[PDB]
Amino acid sequence: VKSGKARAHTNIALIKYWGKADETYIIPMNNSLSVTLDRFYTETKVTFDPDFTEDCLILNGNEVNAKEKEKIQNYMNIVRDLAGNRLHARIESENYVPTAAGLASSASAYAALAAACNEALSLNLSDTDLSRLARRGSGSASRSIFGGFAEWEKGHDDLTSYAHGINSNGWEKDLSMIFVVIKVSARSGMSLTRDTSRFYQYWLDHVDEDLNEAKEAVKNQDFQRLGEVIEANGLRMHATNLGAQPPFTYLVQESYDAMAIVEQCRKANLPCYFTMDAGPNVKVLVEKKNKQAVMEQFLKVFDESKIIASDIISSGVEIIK
Amino acid sequence: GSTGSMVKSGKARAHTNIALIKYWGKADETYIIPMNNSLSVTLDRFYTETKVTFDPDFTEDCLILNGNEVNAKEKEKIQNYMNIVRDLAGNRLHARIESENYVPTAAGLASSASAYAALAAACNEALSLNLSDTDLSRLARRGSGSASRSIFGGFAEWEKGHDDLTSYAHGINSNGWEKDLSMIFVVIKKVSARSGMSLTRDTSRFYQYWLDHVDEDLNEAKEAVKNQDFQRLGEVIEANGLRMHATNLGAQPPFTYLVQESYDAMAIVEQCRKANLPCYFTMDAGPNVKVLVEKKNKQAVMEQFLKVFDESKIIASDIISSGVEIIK
Ligand SMILES: O=C(O)C[C@@](O)(CF)CCOP(=O)(O)OP(=O)(O)O
Ligand SMILES: O=C(O)C[C@@](O)(CF)CCOP(=O)(O)OP(=O)(O)O
């Protein structure tokens, strides 16, 4: 019997990953830039037993649905292949996330699993190969191998497509992300758009410049500059969905109300910037020093229970005991 | 009806139009000069009838809308517009304006294009200004940009120009193609069009993108019309309409006119399209989805929407060939 346990934190893309060059190995049309969150994470124990017939997944104490179970059994086949064994595993996982708030991620799930399998089967995988392993489950999991700022380099094959951590001289310790809590999966949404969106080329033509400008801002620890490019990049992502055949949107009116509050804060000498993912939740990057002030502005309009802050964590994926 | 010797009245009926290539954002806010050309179709079903009566006794302009007094705000608005008319006609006469909107305004359809075209034409008739169509378009434009196109029937294009003299629309001869087409309206506090286009135009991060493709879209559409190629016209206009709404997403801060139900209707259009009912949608300053379809398939497409939308919510109109007309 072989076993290991790890904690992986979710991460939010500032420069978005959106569209796969390759659906089976999960290679992206473009690089992406994320920050890892202190507050939301997944803890996953994996246990390999010669007696097991088929992989079992218990999440938060309950069993998973067809699609996940299947999704997990295909992923574990990849693990088996890599390990060179034929062992099925009982997986017990726990999401540390505000309940039923749309904030559970494949990113934390798969990074945690990859690192737990790594530990269980003693593979001593390099961070690079761990990221690659996580990428095969969910693209954004590639980045949750790392803390702080991370970049997923798209590469062109299974070997070259992986994330790496970015040193910002501890800039991440100065930043925070406020969540405003407010259904098409990212996988399905993004493939429709990657395949059919009339505005997809426009996305591809600007993503690299945004990326470079984002990465440059990080080197200089220049918040306003980072803020503006990621905000624009973010909106361009949702634009591409408007061009889809047929169009769709992740956003609802409340999402826009939150956006408007972010703009006012800037006008009130409280710099912050928003982004949205595959849902209407609005995420607000802000400096720690201004975090409380910005939150107060939201509390005027949103319920206290819906305004949830998190720090950016510096460390990466972590084996547990 | 009967009019005293020293009173000049005129009454006109102008039809609403829907932009297939969108006007969105002004170069000049005071004279209403657009940042780009637009192209539209004039709808047979929806129109405004406006009567105007000039009387030397009248001390100020009066506006009666669908039988009721307008408030002081809209009153003040209409008096400033009529000043333009007075300046043009070289008089100082005031008028009583009796207008009736036969447009589903409560349902969200815009009345601004027909209202201002009707008013312009009505005045030209009352005062005998002998205005050319070009000059009628220019006068309607001062009131609302889209109004410049409602002077004309069928397909019409607003040439943007660079000043008050050069910015106006004309009718496009389509060899009668307008007679084969129809538009279906799926009916679903609004930022005004004027207000909305201004925020996007001034601040939108994606506005340049709009500007970089509008002329190409327009040429493709116009070439589509010359060819009477419904697919070619439909694809470019659908994309154009979507790009306009995209710009709004890039505004500071963003907004949208679309709701989930709008998206639902679009889905049904694409469905009809995959099922050999060719049609294409567009949206203006609100959630209503408008569906361009050939008159033959109108009935079929409607039924598909009727599978999910309330019968009262689905309303078709043909496209009318004639332009603004004076009436009794
Ligand atoms: O995370 C980002 O960069 C952007 C998004 O969050 C925005 F919605 C997408 C997440 O993608 P994911 O769930 O990883 O897709 P998968 O590869 O199909 O599993
Ligand atoms: O009609 C189109 O080209 C597209 C739109 O309808 C989309 F919302 C804009 C209409 O603008 P309008 O009411 O004419 O503005 P005004 O000049 O400020 O009065």
Side-chain angles (χ1 to χ4, degrees), chain A residues 246, chain B residues 13-22 38-48 102-104 107-111 113-114 146 149-150 152-157 171-188 221-222 224-241 262 265-284 286-325:
Chain B
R13 174 190 286 145
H15 291 248
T16 192
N17 72 84
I18 306 298
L20 299 186
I21 299 288
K22 306 302 198 189
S38 53
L39 163 90
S40 62
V41 289
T42 300
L43 301 176
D44 162 280
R45 194 170 184 183
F46 307 130
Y47 57 94
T48 298
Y102 302 81
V103 181
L109 273 70
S111 61
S114 55
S146 57
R149 315 182 300 245
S150 278
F152 305 98
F155 285 92
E157 175 191 357
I172 292 177
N173 176 345
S174 164
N175 290 320
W177 195 31
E178 72 281 347
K179 289 137 117 170
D180 301 329
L181 309 174
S182 304
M183 174 169 285
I184 305 165
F185 289 75
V186 188
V187 166
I188 301 170
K222 267 142 78 187
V225 164
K226 302 205 195 78
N227 287 358
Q228 306 193 8
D229 177 16
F230 190 80
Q231 157 148 335
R232 191 180 176 182
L233 171 62
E235 279 177 17
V236 70
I237 65 99
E238 191 172 283
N240 185 261
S262 307
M266 305 185 212
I268 300 169
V269 168
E270 167 76 356
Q271 273 184 21
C272 294
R273 174 184 296 157
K274 292 294 293 179
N276 306 291
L277 280 316
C279 53
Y280 304 82
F281 57 79
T282 184
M283 291 77 55
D284 292 304
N288 291 351
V289 165
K290 291 115 175 178
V291 180
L292 177 65
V293 54
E294 290 165 290
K295 186 189 297 196
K296 40 172 190 182
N297 302 135
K298 182 173 69 177
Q299 186 58 47
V301 177
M302 285 192 284
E303 293 177 350
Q304 292 298 129
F305 275 105
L306 287 176
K307 231 177 278 226
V308 46
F309 283 93
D310 186 332
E311 185 185 10
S312 61
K313 293 322 198 195
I314 291 171
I315 324 176
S317 168
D318 293 334
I319 296 183
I320 190 178
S321 300
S322 48
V324 64
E325 54 178 324

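Values below: all heavy atoms of this structure, side chains included; hydrogens, waters and symmetry mates excluded. Naming convention: chains lettered A, B, ... in sequence-line order (proteins, then strands); numbering from 1 in each chain.
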Check the orientation of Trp177(B) and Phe155(B). Use parallel for under 30°, tilted for 30 to 60°, and perpendicular for over 60°. parallel
Using atom types as modelled and distance alone, determine if a side-chain donor or acceptor of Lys298(B) lies under 3.5 Å from a backbone N or O of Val293(B). no
So do the side chains of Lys313(B) and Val186(B) get within less than 4.5 Å of each other, counting heavy atoms only? no
Side chain to side chain, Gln228(B) and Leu181(B), heavy atoms closer than 4.5 Å: no
Those residues at least two apart in sequence (or on a different chain) that pass ring-ring contact (aromatic ring centres under 6.0 Å, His included) with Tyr47(B) are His15(B), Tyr102(B)
What closest approach, in Å, do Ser317(B) and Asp44(B) show between heavy atoms, and which atom pair accounts for it? OG-N, 3.4 Å
Are any of the side-chain heavy atoms of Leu20(B) and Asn240(B) separated by less than 4.5 Å? no
What's the separation between atom CD1 in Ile237(B) and atom CZ in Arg232(B), rounded to the nearest 0.5 Å? 14.5 Å
Please test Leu109(B) against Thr16(B) for side-chain contact (heavy atoms from CB on, under 4.5 Å), starting from the C-alpha separation and ending with a verdict. CA-CA 9 Å; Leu109(B) 273 70; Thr16(B) 192; 5.7 Å; no
Crowding at NZ, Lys226(B) (>12 non-hydrogen neighbours, <6.0 Å): yes
What distance separates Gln299(B) CD from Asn297(B) CG, expressed to the nearest 0.5 Å? 10.5 Å
Show your working on side-chain contact (heavy atoms from CB on, under 4.5 Å) between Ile315(B) and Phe46(B) and close with a plain yes or no. CA-CA 11 Å; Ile315(B) 324 176; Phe46(B) 307 130; 4.1 Å; yes
Main-chain N/O of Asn175(B) paired to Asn173(B) side chain as donor or acceptor, under 3.5 Å: yes
Rounded distance [0.5 Å steps], CD in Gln271(B) versus NZ in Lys307(B): 8.0 Å
Can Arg273(B) and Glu238(B) be counted as an ion pair, charged N to O under 4.0 angstrom? yes
Does the side-chain contact (heavy atoms from CB on, under 4.5 Å) test come out yes or no for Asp284(B) and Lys290(B), once each step is laid out? CA-CA 9 Å; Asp284(B) 292 304; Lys290(B) 291 115 175 178; 2.6 Å; yes
Charged N to carboxylate O below 4.0 Å: is that the case for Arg45(B) and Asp318(B)? no
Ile21(B) to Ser38(B) - nearest heavy-atom pair and separation: O-CB, 3.2 Å
Does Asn288(B) use its side chain to pair, donor to acceptor, with the backbone of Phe185(B) at less than 3.5 Å? no
Gap separating the OG atom of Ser40(B) from the CZ atom of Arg149(B), nearest 0.5 angstrom: 4.0 Å
Close side-chain approach of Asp180(B) and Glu294(B), heavy atoms under 4.5 Å: no
Does any part of the side chain of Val291(B), heavy atoms only, come nearer than 4.5 Å to the side chain of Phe305(B), both counted from C-beta? yes
Could you walk me through whether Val41(B) and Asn17(B) satisfy the side-chain contact (heavy atoms from CB on, under 4.5 Å) test, starting with their C-alpha distance in whole Å, then the side-chain angles of each, then the deciding distance to 0.1 Å, before giving a yes or no? CA-CA 5 Å; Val41(B) 289; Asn17(B) 72 84; over 6 Å; no
Give the table of side-chain donor-acceptor pairs shorter than 3.5 Å for residues 274-283 of chain B, with sequence neighbours excluded, one pair per line with atom names and distance.
residue: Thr282(B); atom: OG1; partner: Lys22(B); partner atom: NZ; Å: 2.7

Under a 4.5 Å cut-off applied to non-hydrogen side-chain atoms, are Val103(B) and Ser114(B) in contact? yes
Kindly indicate whether the side chain of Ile184(B), heavy atoms from C-beta on, has any atom under 4.5 Å from the side chain of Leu292(B). no
Do other residues, nucleotides or ligands put more than 12 heavy atoms under 6.0 Å from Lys222(B) NZ? yes
Taking side chain as C-beta onward, heavy atoms only, is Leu43(B) less than 4.5 Å from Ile18(B)? yes
